[PDB]
Amino acid sequence: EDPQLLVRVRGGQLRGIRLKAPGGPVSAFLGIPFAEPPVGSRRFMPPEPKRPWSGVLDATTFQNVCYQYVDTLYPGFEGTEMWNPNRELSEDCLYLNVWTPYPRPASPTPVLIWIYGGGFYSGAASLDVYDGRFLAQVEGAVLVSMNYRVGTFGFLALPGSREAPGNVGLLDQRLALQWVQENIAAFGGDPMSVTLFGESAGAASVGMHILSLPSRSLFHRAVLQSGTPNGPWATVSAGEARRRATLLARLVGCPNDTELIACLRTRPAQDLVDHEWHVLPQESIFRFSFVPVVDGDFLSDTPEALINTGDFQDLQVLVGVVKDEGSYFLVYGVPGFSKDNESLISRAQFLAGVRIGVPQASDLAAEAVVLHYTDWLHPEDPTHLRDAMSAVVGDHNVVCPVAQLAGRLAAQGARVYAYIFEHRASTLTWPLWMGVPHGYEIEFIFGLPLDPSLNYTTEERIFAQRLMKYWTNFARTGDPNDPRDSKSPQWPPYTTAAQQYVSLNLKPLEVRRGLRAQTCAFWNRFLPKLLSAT
Amino acid sequence: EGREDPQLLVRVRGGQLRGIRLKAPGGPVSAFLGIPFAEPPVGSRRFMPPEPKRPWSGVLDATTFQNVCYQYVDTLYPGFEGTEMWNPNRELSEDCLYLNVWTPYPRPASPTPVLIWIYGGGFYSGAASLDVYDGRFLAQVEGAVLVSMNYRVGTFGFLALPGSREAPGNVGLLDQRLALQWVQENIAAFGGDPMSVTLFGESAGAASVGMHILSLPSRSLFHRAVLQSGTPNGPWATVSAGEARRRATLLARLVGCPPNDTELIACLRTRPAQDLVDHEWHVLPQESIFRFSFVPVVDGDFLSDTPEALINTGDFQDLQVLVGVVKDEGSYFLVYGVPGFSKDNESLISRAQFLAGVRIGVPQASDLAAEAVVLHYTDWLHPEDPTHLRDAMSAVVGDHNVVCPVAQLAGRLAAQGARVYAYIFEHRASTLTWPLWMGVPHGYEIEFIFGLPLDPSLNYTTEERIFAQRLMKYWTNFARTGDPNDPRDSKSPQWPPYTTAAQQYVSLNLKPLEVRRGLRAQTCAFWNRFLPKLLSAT
Ligand SMILES: *[C@@H]1O[C@H](CO[C@@H]2O[C@@H](C)[C@@H](O)[C@@H](O)[C@@H]2O)[C@@H](O)[C@H](O)[C@H]1NC(C)=O
Ligand SMILES: *[C@@H]1O[C@H](CO)[C@@H](O)[C@H](O)[C@H]1NC(C)=O
Ligand SMILES: *[C@@H]1O[C@H](CO)[C@@H](O)[C@H](O)[C@H]1NC(C)=O
Ligand SMILES: C[N+](C)(C)CCO
Ligand SMILES: C[N+](C)(C)CCO
Ligand SMILES: C[N+](C)(C)CCO
Ligand SMILES: C[N+](C)(C)CCO
């Protein structure tokens with residue numbers, strides 16, 4: 001028995017495991033229950049706190065992955081399967097993971113809490129890319145990650161109902177956050193210094209905690225990587241949530257809210273997943289059936305309204321995007337696009353693609369999109385058209401929503417830093433045309449290139465170390481710059497006047513101005529004017 | 001005769017003429033100025049198609065410019081050459097249908113290609129007698145035969161009650177056409193070749209040239225065309241029959257001829273010319289710039305359909321066309337209507353003034369269309385920078401009215417069989433009196449093409465002299481062959497034709513030709529493809 005691996009939390013005693021990081025050992029406490037299993041009658045319901053336990057709870061292995069759809073696009077392909085569940089699926093999945101330095105820190109240490117993405121329909125804290133041992137060992141950080149319910153189980157909502165109120169997957173995250181407040185000191189973490197970070201739906205989740213009052217007392221700083229609470233995919237109205245839940249119920253043979261939800265609770269988990277993609281209103285990409293709902297409770301208003309009127313004075317935020325946000329999604333439903341060729345497309349394929357990539361757009365709005373993104377010097381060039389299609393999907397869904405949030409957060413008193421991540425992993429298995437896709441910064445921030453067995457370059461390992469420092473410096477201070485270090489160049493705050501952000505690549509930081517400023521004016525200013533008028 | 005210069009006596013269909021020997025820097029030229037080509041369109045003839053000049057007895061003196069057609073005279077900037085170089089330089093009269101011919105001296109012995117100039121001035125102003133349209137340099141240096149005609153402007157040339165007998169519309173274009181017919185019949189008398197006739201014009205003159213291209217009866221009267229900063233398509237060069245009728249009827253009311261068309265037109269004919277000019281600007285539907293009250297009308301006769309329809313469906317197989325724009329097409333127009341703009345300061349404007357400016361500069365835009373314009377031309381890194389806003393306002397007016405219509409025209413003509421050459425003119429005259437912020441404004445290429453810098457008394461630089469000579473060669477090579485390039489020379493860089501595929505045009509400045517691609521390709525897609533679609537849906 002190693003006393004560094006024994007911790008008493010409020011629920012009782014835990015035993016962790018000593019894991020090996022390249023530079024030395026870390027302590028890992030994996031699969032710690034933070035809620036009562038949301039099973040049987042508790043399906044679709046808010047999470048309840050985990051009842052205390054007797055003896056020593058074995059916290060040496062990852063727990064089950066929340067029940068979810070498993071990708072089948074490219075069977076056997078690492079680029080897709082690296083995001084697939086790596087443990088058994090179960091509705092009994094409300095567990096979290098803590099990595100700390102070995103030995104346990106002597107003084108209270110800044111805490112980073114990771115919230116995974118996956119379109120609110122997928123993901124797990126147990127994926128290899130979310131491995132916290134490197135940040136723990138190298139930067140001395142306490143890293144936490146939780147599982148939260150996804151798909152119907154996390155976000156199926158009959159708004160106004162007692163039994164399926166919506167947003168329960170977000171309440172799972174919140175409960176994990178409350179757990180950190182109550183318990184992280186036992187591991188040597190500082191509950192007065194908690195930084196949330198997440199990517200994609202995880203970043204939208206971070207944003208929603210920023211916009212929901214009861215969450216704000218549970219953290220101090222936030223990082224949103226390639227995702228925002230505002231924008232076209234991260235939320236639905238109560239009406240649209242009801243529509244989708246009612247339709248799924250119909251599809252599984254479930255005929256008053258209470259009756260409807262009681263019958264949904266009788267169905268095997270896979271029966272629900274079998275139909276979750278049949279409820280979207282359009283043929284589309286970058287759209288997910290069961291996501292956070294504007295309920296007037298967790299979200300008191302739309303994210304748009306809340307970011308416009310919010311006060312964010314005592315908040316620091318780091319936000320950014322990858323170089324090619326849209327490319328990943330094109331292979332999931334835009335004809336002409338494949339990982340197996342260069343995906344050089346015709347103009348016809350581009351116009352059709354725009355309707356799928358911007359599915360809520362009217363005919364006129366779609367025409368505006370096509371005319372904006374066409375290079376009128378090379379209107380039928382397939383390379384241009386392929387890269388424009390990617391651009392449309394990335395800008396609409398990530399870059400411009402990020403630019404919008406960044407600007408409103410800064411105008412309303414927040415301290416904001418922004419980045420574009422432009423380094424394409426040497427080990428990437430997707431084709432070159434996809435560039436730096438959605439999600440492929442994460443492995444560097446977590447510091448996987450520091451593991452020699454994974455075959456990243458020396459340059460990539462130095463780069464990872466740099467990024468780990470920006471992120472942990474941000475966690476410690478609310479400022480990603482290295483404070484003992486002179487010689488930078490310094491990463492300046494993002495402001496509405498100057499609009500400064502930095503490139504994160506193998507070269508030293510370069511400061512740029514305006515995140516797609518002209519094109520984002522189109523998405524964020526013009527298209528809405530077109531909508532309210534048509 | 002007996003005692004005079006035998007080299008200045010010429011007979012035309014109407015009778016005998018005596019010209020004048022003029023001095024150009026390199027030698028003498030022959031000038032025949034103020035040759036009448038129509039019966040004076042006065043009295044009962046006001047608003048009516050021109051009638052050919054009846055023959056005269058004896059020798060008509062053709063040694064001085066004749067009357068300028070009755071028109072509005074600019075008084076925005078008294079004493080200022082920038083404005084006054086465009087003002088009438090001879091008596092204003094309705095008796096104004098006279099043309100001018102310059103030729104080498106002695107006259108050419110073999111048939112020489114003819115250039116015919118059509119002046120601009122928004123269809124409300126202009127004269128062939130202005131110093132910047134002086135044909136002597138082209139005549140002397142290039143051996144050109146050059147012809148220019150006065151044509152009626154304003155109400156006199158373009159007031160229309162469409163469908164009526166007495167004010168059918170487009171009579172100023174019919175004046176131009178009568179002059180073209182005159183050249184066909186008579187220009188061989190001066191050594192000119194009626195089988196080689198190139199039209200050229202600027203602004204409204206360029207629009208006019210384009211309308212001769214789109215009207216079949218004109219097509220037999222010329223072979224090639226140059227359109228400088230003007231097009232028959234676009235937002236200002238024509239009006240519908242309905243809008244023409246509305247403006248004519250309002251004008252009539254304003255001058256005490258309240259409304260049957262015969263009666264209305266008969267009362268208009270009793271009015272003093274100056275009365276008509278005094279109310280001319282009161283009939284425009286919006287507060288605007290780059291809009292003119294009385295312009296060509298889509299009458300279903302001269303113009304069988306809209307210029308837009310006609311350029312989309314036309315066969316332009318046997319046409320060569322040279323077209324282009326100056327660097328700063330919009331700036332000139334800003335000081336005549338947009339609050340905040342002036343020749344006497346830097347015209348740094350606020351964002352409020354930009355938004356107001358856009359409504360005046362795109363006067364037919366809905367609220368949604370105008371916010372589309374504002375959002376496109378705003379620099380979102382520097383949305384309130386006065387220098388950017390000033391320059392963006394200029395760009396809006398220039399692109400809307402000239403640059404994008406020219407791109408549209410060049411594309412349609414090229415797609416439908418024409419040989420097209422395109423330019424951007426980027427040299428600012430060292431003698432320009434407009435301020436620096438205005439750049440290279442609308443109209444300030446003309447003095448180079450005509451060769452005024454060859455006159456040492458005009459104080460242009462030596463480099464400007466050489467530049468002028470180049471331009472004269474391009475224009476006259478195009479007149480001769482339908483190709484501005486020199487057959488003898490080579491690299492000396494070549495001017496490739498404009499094509500829809502490659503979109504090539506050249507920079508005209510003091511440096512050797514540089515080839516560029518796409519005339520404001522992205523922005524003109526906004527004007528030429530998106531806004532119309534907005535319009536159709538909205
Ligand atoms: C530039 O000028 C515009 C027009 O006003 C004229 O010039 C100014 C300086 C006055 O002295 C006035 O007498 C003239 O009529 C102004 O509208 C504009 O505000 C001026 N721009 C600036 C920034 O000074
Ligand atoms: C790969 O691209 C080709 C053409 O480049 C396209 O037709 C095809 O659908 C793509 N995917 C397949 C079917 O392998
Ligand atoms: C040109 O230059 C001379 C000598 O400086 C000057 O006196 C004359 O008035 C100028 N003329 C013009 C056309 O500006
Ligand atoms: C098609 N799915 C929605 C299942 C995958 C999203 O990328
Ligand atoms: C958001 N994920 C990283 C889970 C998928 C995109 O690569
Ligand atoms: C059109 N102008 C500006 C030249 C005169 C208006 O009064
Ligand atoms: C258009 N004009 C040339 C006639 C006036 C100055 O631009």
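These values consider heavy atoms only, across backbone and side chains, with no hydrogens, waters or symmetry-generated copies. Labels below follow one simple rule: chain letters A, B, ... track the order of the sequence lines, proteins then strands, and each chain is numbered from 1.
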* Asked: Does any non-hydrogen side-chain atom of B/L375 lie less than 4.5 Å from one of A/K529?
  -> yes

* Is the number of heavy atoms from other residues, nucleotides or ligands under 6.0 Å of A/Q282 CD greater than 12? -> yes

* Side chain proximity check, A/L377 to B/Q522, heavy atoms < 4.5 angstrom -> no

* Where on A/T374 is there a heavy atom nearer than 4.5 Å to chain B: the side chain, the backbone, both, or neither? -> backbone

* **Part of A/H378 lying under 4.5 Å from any heavy atom of chain B** => neither

* Asked: Heavy-atom count around B/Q416 CD within 6.0 Å, excluding the residue itself: above 12?
  -> yes

* Does any heavy atom of chain B fall under 4.5 Å from the side chain of A/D363, the backbone, both, or neither of them? -> neither

* Hey, is the main chain of B/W380 close enough, under 3.5 Å, to the side chain of A/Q499 for a donor-acceptor pair? -> yes

* **Other residues, nucleotides, ligands: >12 heavy atoms within 6.0 Å of A/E304 CD** => no

* Would you indicate whether A/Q360, at its atom CD, is surrounded by more than 12 heavy atoms from other residues, nucleotides or ligands within a distance under 6.0 Å? => yes

